[PDB]
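Given next, in structure tokens, is a single chain: the form deposited in one PDB entry.
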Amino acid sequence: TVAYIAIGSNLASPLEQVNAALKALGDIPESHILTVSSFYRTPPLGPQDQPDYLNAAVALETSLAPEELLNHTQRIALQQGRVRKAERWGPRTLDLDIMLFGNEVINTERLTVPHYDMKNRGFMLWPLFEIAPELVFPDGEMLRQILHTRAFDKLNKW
């Protein structure tokens, strides 16, 4: 099954943080990276001197069940994030989210797929469109149309 995963980081030097997450994704059991988007840049909100977020989308082929894949993405987030050194929240973070899982709709306390807010996040949609321009959501919406009809912040490549 093809799952689409969002990666985001504003940790340390984000380029290598994201490369580490990618390596970890490829090391998930029964799973293989099919393609990775370009790396995109999201500025922080407000005047503060805060680091930019690096965003990417990954197509991962997997024979894992959705909640099994979630165990792994949560594990990698913990292991690679500075959760132990810093705090769960941030403000500096490594985010790994399952955006889509095949054509499945999952509504559980642990897992909601499609990701609940992805259709409002240009930093998820633009990278996803780069790697899956013909994508159609489970509810029938075409990714290509959402990008024509919703307002998103300008998103430059990293």
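Residue positions are given as counts along the sequence shown, with the first one as 1.
Form deposited with a small molecule bound: not shown, discussed below.
The small molecule in the entry with it bound is not approached by residue 31, whose heavy atoms all lie more than 4.5 angstroms from it. Heavy atoms of residue 45 reach within 4.5 Å of the small molecule in the entry with it bound, making it an interface residue. In the entry with it bound, the small molecule lies within 4.5 Å of some heavy atom of residue 53. By the criterion of a heavy atom within 4.5 Å, residue 126 is excluded from the residues contacting the small molecule in the entry with it bound. Listed stretches are 116 to 124, 23 to 31, 129 to 137, 57 to 65; the contact stretch with the small molecule in the entry with it bound is 116 to 124, by a heavy atom cutoff of 4.5 Å.
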